[PDB]
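Next comes target-v3.txt, with compact mmCIF, C-alpha atoms.
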```txt
# COMPACT_ATOMS: atom_id res chain seq x y z
CA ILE A 2 110.35 98.55 102.84
CA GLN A 3 107.33 100.51 101.56
CA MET A 4 104.13 99.07 100.13
CA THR A 5 102.54 101.41 97.52
CA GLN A 6 98.83 100.56 97.53
CA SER A 7 96.44 101.80 94.89
CA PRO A 8 93.78 102.99 94.47
CA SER A 9 93.40 104.89 97.72
CA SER A 10 89.58 104.78 97.24
CA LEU A 11 87.26 103.48 94.55
CA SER A 12 83.59 103.17 93.82
CA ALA A 13 82.12 100.00 92.31
CA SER A 14 78.92 98.00 91.94
CA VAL A 15 77.69 94.68 93.16
CA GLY A 16 78.82 92.00 90.71
CA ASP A 17 81.90 93.95 89.49
CA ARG A 18 85.34 92.41 89.10
CA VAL A 19 87.87 94.71 90.70
CA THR A 20 91.60 94.53 91.51
CA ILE A 21 93.62 96.39 94.19
CA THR A 22 97.35 96.61 93.79
CA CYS A 23 100.30 96.83 96.17
CA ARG A 24 103.88 97.39 94.97
CA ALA A 25 106.75 96.53 97.33
CA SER A 26 109.76 98.94 97.15
CA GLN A 27 111.94 95.85 97.06
CA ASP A 28 111.83 92.08 97.06
CA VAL A 29 109.62 90.77 99.94
CA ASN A 30 109.33 87.31 98.53
CA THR A 31 105.93 86.03 99.28
CA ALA A 32 105.63 87.55 102.80
CA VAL A 33 102.46 89.59 102.01
CA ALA A 34 99.02 89.38 103.64
CA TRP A 35 95.78 91.23 102.85
CA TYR A 36 93.26 92.37 105.39
CA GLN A 37 89.76 93.76 105.40
CA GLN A 38 88.65 96.36 107.90
CA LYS A 39 85.24 97.73 108.67
CA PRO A 40 84.61 100.95 110.64
CA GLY A 41 84.80 100.24 114.42
CA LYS A 42 86.37 96.72 113.92
CA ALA A 43 89.88 95.39 113.87
CA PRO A 44 91.13 94.23 110.42
CA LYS A 45 90.45 90.51 109.51
CA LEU A 46 92.94 88.38 107.63
CA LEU A 47 91.79 87.47 104.12
CA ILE A 48 94.94 86.28 102.28
CA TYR A 49 98.31 85.15 103.49
CA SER A 50 101.52 84.14 101.64
CA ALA A 51 100.35 86.38 98.80
CA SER A 52 97.75 83.94 97.46
CA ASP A 53 96.41 81.57 100.13
CA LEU A 54 92.91 82.15 101.37
CA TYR A 55 92.20 82.14 105.13
CA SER A 56 89.56 79.66 106.28
CA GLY A 57 86.05 80.96 105.67
CA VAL A 58 87.04 83.57 103.13
CA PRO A 59 84.93 83.13 100.01
CA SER A 60 86.33 81.87 96.73
CA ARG A 61 85.64 85.17 94.96
CA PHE A 62 88.72 86.56 96.64
CA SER A 63 92.11 85.84 95.11
CA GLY A 64 95.65 87.06 95.53
CA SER A 65 98.55 86.99 93.21
CA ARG A 66 102.21 88.08 93.09
CA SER A 67 104.39 88.93 90.12
CA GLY A 68 107.87 90.00 91.34
CA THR A 69 107.30 92.99 93.65
CA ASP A 70 103.66 93.58 92.48
CA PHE A 71 100.87 92.07 94.59
CA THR A 72 97.17 92.09 93.75
CA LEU A 73 93.95 91.27 95.46
CA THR A 74 91.02 90.58 93.08
CA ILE A 75 87.36 90.19 93.94
CA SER A 76 85.67 88.43 91.05
CA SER A 77 82.07 89.40 91.81
CA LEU A 78 81.74 92.15 94.44
CA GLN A 79 79.10 91.49 97.08
CA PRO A 80 77.46 93.78 99.66
CA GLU A 81 79.62 92.37 102.47
CA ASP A 82 82.80 93.25 100.59
CA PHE A 83 82.41 97.03 100.82
CA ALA A 84 85.15 97.89 103.31
CA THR A 85 88.78 99.10 103.55
CA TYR A 86 91.52 96.72 102.39
CA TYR A 87 95.17 96.74 103.39
CA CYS A 88 98.21 94.91 102.09
CA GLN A 89 101.04 94.22 104.59
CA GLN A 90 104.56 93.04 104.04
CA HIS A 91 106.03 91.06 106.91
CA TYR A 92 109.37 90.31 105.30
CA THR A 93 111.04 92.78 107.65
CA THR A 94 109.90 93.48 111.19
CA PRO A 95 107.97 95.31 112.22
CA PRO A 96 105.72 94.60 109.21
CA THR A 97 104.52 97.54 107.08
CA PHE A 98 101.03 98.21 105.74
CA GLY A 99 99.94 99.78 102.54
CA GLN A 100 98.00 103.02 102.86
CA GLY A 101 94.77 101.16 102.23
CA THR A 102 91.88 101.06 99.71
CA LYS A 103 88.37 102.15 100.62
CA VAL A 104 85.89 100.15 98.50
CA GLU A 105 82.56 102.03 98.43
CA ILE A 106 79.32 101.23 96.55
CA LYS A 107 78.77 103.56 93.47
CA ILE B 2 98.41 112.32 106.35
CA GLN B 3 101.37 110.34 107.69
CA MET B 4 101.76 108.88 111.12
CA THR B 5 105.44 108.64 112.05
CA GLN B 6 105.88 105.98 114.63
CA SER B 7 108.92 105.62 116.93
CA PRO B 8 110.93 103.57 117.74
CA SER B 9 110.86 100.72 115.13
CA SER B 10 111.63 98.17 117.74
CA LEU B 11 112.51 98.09 121.46
CA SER B 12 113.46 95.53 123.95
CA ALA B 13 112.42 95.43 127.55
CA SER B 14 111.95 93.01 130.50
CA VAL B 15 108.73 91.91 132.10
CA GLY B 16 107.69 94.55 134.58
CA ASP B 17 109.19 97.49 132.60
CA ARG B 18 107.22 100.61 131.57
CA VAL B 19 107.33 100.96 127.78
CA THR B 20 106.21 103.99 125.71
CA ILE B 21 105.63 104.10 121.95
CA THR B 22 105.07 107.43 120.09
CA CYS B 23 103.22 108.35 116.89
CA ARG B 24 103.46 111.84 115.47
CA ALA B 25 100.71 112.93 113.00
CA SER B 26 101.81 115.13 110.11
CA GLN B 27 98.92 117.55 110.91
CA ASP B 28 96.20 117.92 113.53
CA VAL B 29 93.93 114.90 113.52
CA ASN B 30 92.11 115.79 116.78
CA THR B 31 91.68 112.51 118.69
CA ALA B 32 91.08 110.27 115.66
CA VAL B 33 93.82 107.78 116.44
CA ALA B 34 93.59 104.11 117.44
CA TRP B 35 96.22 101.63 118.63
CA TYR B 36 96.49 97.99 117.72
CA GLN B 37 98.45 94.95 118.82
CA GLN B 38 99.56 92.29 116.37
CA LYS B 39 101.11 88.95 117.11
CA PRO B 40 102.82 86.88 114.44
CA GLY B 41 100.25 84.96 112.51
CA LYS B 42 97.22 86.86 113.80
CA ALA B 43 95.32 89.85 112.60
CA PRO B 44 95.74 93.13 114.66
CA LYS B 45 93.50 93.49 117.77
CA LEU B 46 92.13 96.91 118.72
CA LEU B 47 93.48 98.26 122.06
CA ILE B 48 92.64 101.92 122.17
CA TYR B 49 90.29 104.21 120.20
CA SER B 50 89.82 108.00 120.15
CA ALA B 51 93.48 108.32 121.44
CA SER B 52 92.78 107.31 125.00
CA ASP B 53 89.72 105.04 125.36
CA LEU B 54 90.30 101.34 126.09
CA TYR B 55 88.44 98.62 124.23
CA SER B 56 86.46 96.20 126.46
CA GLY B 57 88.77 93.43 127.64
CA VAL B 58 91.99 95.46 127.39
CA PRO B 59 93.91 95.47 130.66
CA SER B 60 94.37 98.65 132.66
CA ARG B 61 98.15 98.65 132.14
CA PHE B 62 97.57 99.99 128.61
CA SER B 63 96.95 103.67 128.25
CA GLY B 64 96.84 106.20 125.44
CA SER B 65 97.41 109.94 125.44
CA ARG B 66 97.69 112.85 123.10
CA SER B 67 99.49 116.06 123.13
CA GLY B 68 98.82 118.07 119.97
CA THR B 69 99.93 115.84 117.07
CA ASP B 70 101.86 113.52 119.42
CA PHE B 71 100.20 110.30 120.47
CA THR B 72 101.63 107.87 123.04
CA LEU B 73 100.82 104.30 123.96
CA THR B 74 102.17 103.37 127.47
CA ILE B 75 102.29 99.84 128.94
CA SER B 76 102.94 100.56 132.69
CA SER B 77 104.29 97.10 133.55
CA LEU B 78 105.11 94.88 130.60
CA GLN B 79 103.64 91.34 130.86
CA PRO B 80 104.72 88.19 128.89
CA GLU B 81 101.46 88.46 126.88
CA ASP B 82 102.42 91.98 125.61
CA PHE B 83 105.42 91.06 123.45
CA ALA B 84 104.04 91.85 120.00
CA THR B 85 104.08 94.55 117.30
CA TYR B 86 102.04 97.68 117.98
CA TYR B 87 100.57 100.11 115.40
CA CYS B 88 98.96 103.52 115.67
CA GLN B 89 96.34 104.31 113.02
CA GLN B 90 94.78 107.64 112.15
CA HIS B 91 91.19 107.62 110.96
CA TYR B 92 90.79 111.35 110.38
CA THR B 93 90.97 110.71 106.60
CA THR B 94 89.74 107.71 104.74
CA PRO B 95 91.12 105.32 104.16
CA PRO B 96 92.75 105.31 107.65
CA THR B 97 96.56 104.98 107.62
CA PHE B 98 98.82 103.02 110.00
CA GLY B 99 102.11 103.99 111.45
CA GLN B 100 105.14 101.81 110.52
CA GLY B 101 104.89 99.76 113.72
CA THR B 102 106.94 99.06 116.83
CA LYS B 103 108.12 95.55 117.59
CA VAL B 104 108.30 95.04 121.42
CA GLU B 105 110.79 92.17 122.03
CA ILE B 106 112.11 90.36 125.16
CA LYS B 107 115.48 91.63 126.55
```

The structure in this file should be written as structure tokens.
Amino acid sequence: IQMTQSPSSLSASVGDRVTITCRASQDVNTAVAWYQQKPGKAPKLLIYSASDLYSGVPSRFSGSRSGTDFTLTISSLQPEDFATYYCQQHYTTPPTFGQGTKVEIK
Amino acid sequence: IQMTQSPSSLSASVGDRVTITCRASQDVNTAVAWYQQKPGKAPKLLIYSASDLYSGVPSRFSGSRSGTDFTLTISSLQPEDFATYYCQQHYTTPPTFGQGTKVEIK
């Protein structure tokens, strides 16, 4: 199962509302997580089960599913949120990542 | 840039030597890292720059490169090593993962 993640990279400003998308090549139910990775660090879990926030993750993050299309939205981009984001499906094993989205300041 | 990881899954007993391979679709020098992921947890960094161990990673893990071929070796598999392992190239941005290798008991 492939996850088609887009955009690959984007530039945006503090305060912007921005959405990253991940299309599963087939039904993965709700077995999708999103992660954030900074250079030099391992990825951190942000969202699990498509739409549930991990503890500590701020409310400006949200996830949603509609069929095979998954989105991560940040409602007001903050300086800490500039990073690379990955979707992962873990419906089959081993799980598969999207190719990622680098979120850079404009 | 694609990292083709092999095999998708393998089974082995405690005390076995296990090797996992990642072939880069072009020369990426040494810009490859390896991660371990357990179910329910975010990936943990094991190896960076193809062959350097992160602090805290036991000596039984090693990484090597030959051209576009990257190998993770676990010299003597321990009960704490059953997990899914990913290579990741960071020659381009955003970095891209291989498809993963599930290492399972048997």

Could you give me, as a PyMOL selection string, the residues within 9 Å of residue 22 of chain B, counting only C-alpha atoms and dropping anything in the same chain fewer than 5 positions from it? chain B and resi 5-8+70-74+88

Name the residues in contact with residue 101 of chain A at a cut-off of 8 Å, using only C-alpha atoms, excluding same-chain residues fewer than 5 positions from it; report them as a PyMOL selection string. (chain A and resi 6-7+9+85-88) or (chain B and resi 95-97)

Only C-alpha atoms, please: the residues just picked out, written as a PDB file, keeping the file's coordinate frame.
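Generated file (part.pdb):
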```
ATOM      1  CA  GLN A   6      98.830 100.560  97.530  1.00  0.00           C
ATOM      2  CA  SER A   7      96.440 101.800  94.890  1.00  0.00           C
ATOM      3  CA  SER A   9      93.400 104.890  97.720  1.00  0.00           C
ATOM      4  CA  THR A  85      88.780  99.100 103.550  1.00  0.00           C
ATOM      5  CA  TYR A  86      91.520  96.720 102.390  1.00  0.00           C
ATOM      6  CA  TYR A  87      95.170  96.740 103.390  1.00  0.00           C
ATOM      7  CA  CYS A  88      98.210  94.910 102.090  1.00  0.00           C
TER       8      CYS A  88
ATOM      9  CA  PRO B  95      91.120 105.320 104.160  1.00  0.00           C
ATOM     10  CA  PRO B  96      92.750 105.310 107.650  1.00  0.00           C
ATOM     11  CA  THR B  97      96.560 104.980 107.620  1.00  0.00           C
TER      12      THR B  97
END
```

Do a neighbour search on residue 15 of chain B at 10 Å with only C-alpha atoms, toss out local chain neighbours closer than 2 positions, and write the hits as a ChimeraX atom specification. /B:13,17-18,77-83,106-107

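Note that atom CA of residue 42 of chain A and atom CA of residue 60 of chain A are 22.7 Å apart.
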
Could you tell me which of B:43, B:75, B:21, B:84 comes closest to chain A if we count all atoms listed in the file?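 Selected residue with least distance to chain A: B:43.
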
Residues of chain B no more than 12 Å from chain A, counting only C-alpha atoms: send them over as a CSV table (one decimal) with C-alpha atoms, in the coordinates of the input.
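The file below, part.csv, is the result:
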```csv
chain,number,residue,atom,x,y,z
B,2,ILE,CA,98.4,112.3,106.4
B,3,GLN,CA,101.4,110.3,107.7
B,4,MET,CA,101.8,108.9,111.1
B,6,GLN,CA,105.9,106.0,114.6
B,7,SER,CA,108.9,105.6,116.9
B,8,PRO,CA,110.9,103.6,117.7
B,9,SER,CA,110.9,100.7,115.1
B,10,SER,CA,111.6,98.2,117.7
B,11,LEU,CA,112.5,98.1,121.5
B,32,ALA,CA,91.1,110.3,115.7
B,33,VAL,CA,93.8,107.8,116.4
B,34,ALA,CA,93.6,104.1,117.4
B,35,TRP,CA,96.2,101.6,118.6
B,36,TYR,CA,96.5,98.0,117.7
B,37,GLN,CA,98.4,95.0,118.8
B,38,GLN,CA,99.6,92.3,116.4
B,39,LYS,CA,101.1,89.0,117.1
B,40,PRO,CA,102.8,86.9,114.4
B,41,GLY,CA,100.2,85.0,112.5
B,42,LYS,CA,97.2,86.9,113.8
B,43,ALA,CA,95.3,89.8,112.6
B,44,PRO,CA,95.7,93.1,114.7
B,45,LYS,CA,93.5,93.5,117.8
B,46,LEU,CA,92.1,96.9,118.7
B,47,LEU,CA,93.5,98.3,122.1
B,48,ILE,CA,92.6,101.9,122.2
B,49,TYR,CA,90.3,104.2,120.2
B,50,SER,CA,89.8,108.0,120.2
B,55,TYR,CA,88.4,98.6,124.2
B,84,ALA,CA,104.0,91.8,120.0
B,85,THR,CA,104.1,94.6,117.3
B,86,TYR,CA,102.0,97.7,118.0
B,87,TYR,CA,100.6,100.1,115.4
B,88,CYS,CA,99.0,103.5,115.7
B,89,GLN,CA,96.3,104.3,113.0
B,90,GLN,CA,94.8,107.6,112.2
B,91,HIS,CA,91.2,107.6,111.0
B,93,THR,CA,91.0,110.7,106.6
B,94,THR,CA,89.7,107.7,104.7
B,95,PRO,CA,91.1,105.3,104.2
B,96,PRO,CA,92.8,105.3,107.6
B,97,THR,CA,96.6,105.0,107.6
B,98,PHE,CA,98.8,103.0,110.0
B,99,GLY,CA,102.1,104.0,111.4
B,100,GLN,CA,105.1,101.8,110.5
B,101,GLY,CA,104.9,99.8,113.7
B,102,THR,CA,106.9,99.1,116.8
B,103,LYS,CA,108.1,95.6,117.6
B,104,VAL,CA,108.3,95.0,121.4
B,105,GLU,CA,110.8,92.2,122.0
```

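If you look at atom CA of residue 28 of chain B and atom CA of residue 76 of chain B, they are 26.7 Å away from each other.
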
Incomplete segment 21-54 of chain A filled out to N, CA and C atoms as a tab-separated table (two decimals), in the coordinates of the input:
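Result file follows (rebuild.tsv):
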```
chain	number	residue	atom	x	y	z
A	21	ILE	N	92.83	95.41	93.39
A	21	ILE	CA	93.62	96.39	94.19
A	21	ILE	C	95.03	95.97	94.16
A	22	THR	N	95.94	96.94	94.11
A	22	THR	CA	97.35	96.61	93.79
A	22	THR	C	98.25	97.14	94.93
A	23	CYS	N	99.34	96.44	95.17
A	23	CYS	CA	100.30	96.83	96.17
A	23	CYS	C	101.72	96.53	95.71
A	24	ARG	N	102.54	97.57	95.44
A	24	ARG	CA	103.88	97.39	94.97
A	24	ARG	C	104.89	97.53	96.11
A	25	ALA	N	105.67	96.49	96.36
A	25	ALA	CA	106.75	96.53	97.33
A	25	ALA	C	107.95	97.33	96.77
A	26	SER	N	108.62	98.14	97.61
A	26	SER	CA	109.76	98.94	97.15
A	26	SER	C	110.97	98.06	96.92
A	27	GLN	N	110.97	96.84	97.45
A	27	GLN	CA	111.94	95.85	97.06
A	27	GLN	C	111.45	94.45	97.33
A	28	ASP	N	112.25	93.47	96.98
A	28	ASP	CA	111.83	92.08	97.06
A	28	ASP	C	111.39	91.76	98.51
A	29	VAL	N	110.20	91.23	98.62
A	29	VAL	CA	109.62	90.77	99.94
A	29	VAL	C	109.21	89.33	99.83
A	30	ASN	N	109.82	88.61	98.91
A	30	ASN	CA	109.33	87.31	98.53
A	30	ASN	C	107.85	87.19	98.45
A	31	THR	N	107.33	86.26	99.27
A	31	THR	CA	105.93	86.03	99.28
A	31	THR	C	105.35	86.33	100.69
A	32	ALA	N	106.01	87.22	101.44
A	32	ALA	CA	105.63	87.55	102.80
A	32	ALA	C	104.66	88.75	102.79
A	33	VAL	N	103.48	88.56	102.19
A	33	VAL	CA	102.46	89.59	102.01
A	33	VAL	C	101.12	88.99	102.43
A	34	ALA	N	100.37	89.73	103.22
A	34	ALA	CA	99.02	89.38	103.64
A	34	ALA	C	98.07	90.52	103.27
A	35	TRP	N	96.79	90.21	103.10
A	35	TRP	CA	95.78	91.23	102.85
A	35	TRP	C	94.77	91.10	103.94
A	36	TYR	N	94.24	92.25	104.35
A	36	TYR	CA	93.26	92.37	105.39
A	36	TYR	C	92.10	93.22	104.94
A	37	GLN	N	90.97	92.97	105.57
A	37	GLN	CA	89.76	93.76	105.40
A	37	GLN	C	89.40	94.36	106.72
A	38	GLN	N	89.08	95.65	106.70
A	38	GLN	CA	88.65	96.36	107.90
A	38	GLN	C	87.38	97.12	107.66
A	39	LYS	N	86.47	96.92	108.58
A	39	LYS	CA	85.24	97.73	108.67
A	39	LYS	C	85.31	98.82	109.79
A	40	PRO	N	84.59	99.92	109.59
A	40	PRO	CA	84.61	100.95	110.64
A	40	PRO	C	84.28	100.37	112.04
A	41	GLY	N	85.03	100.75	113.08
A	41	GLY	CA	84.80	100.24	114.42
A	41	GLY	C	85.38	98.87	114.74
A	42	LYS	N	85.86	98.12	113.74
A	42	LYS	CA	86.37	96.72	113.92
A	42	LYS	C	87.86	96.64	113.68
A	43	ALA	N	88.52	95.62	114.22
A	43	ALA	CA	89.88	95.39	113.87
A	43	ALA	C	89.92	94.77	112.46
A	44	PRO	N	91.05	94.90	111.77
A	44	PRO	CA	91.13	94.23	110.42
A	44	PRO	C	91.01	92.69	110.56
A	45	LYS	N	90.51	91.99	109.54
A	45	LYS	CA	90.45	90.51	109.51
A	45	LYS	C	91.38	90.03	108.40
A	46	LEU	N	92.07	88.95	108.63
A	46	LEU	CA	92.94	88.38	107.63
A	46	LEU	C	92.12	87.71	106.50
A	47	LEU	N	92.41	88.07	105.29
A	47	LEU	CA	91.79	87.47	104.12
A	47	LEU	C	92.72	86.48	103.38
A	48	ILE	N	93.93	86.96	103.09
A	48	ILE	CA	94.94	86.28	102.28
A	48	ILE	C	96.27	86.31	102.96
A	49	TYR	N	96.97	85.16	102.96
A	49	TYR	CA	98.31	85.15	103.49
A	49	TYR	C	99.23	84.51	102.43
A	50	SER	N	100.54	84.69	102.59
A	50	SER	CA	101.52	84.14	101.64
A	50	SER	C	101.13	84.52	100.23
A	51	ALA	N	100.74	85.77	100.05
A	51	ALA	CA	100.35	86.38	98.80
A	51	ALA	C	99.09	85.81	98.14
A	52	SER	N	98.80	84.51	98.28
A	52	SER	CA	97.75	83.94	97.46
A	52	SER	C	96.91	82.86	98.14
A	53	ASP	N	97.16	82.60	99.41
A	53	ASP	CA	96.41	81.57	100.13
A	53	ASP	C	95.27	82.18	100.87
A	54	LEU	N	94.06	81.69	100.65
A	54	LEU	CA	92.91	82.15	101.37
A	54	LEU	C	92.86	81.63	102.83
```
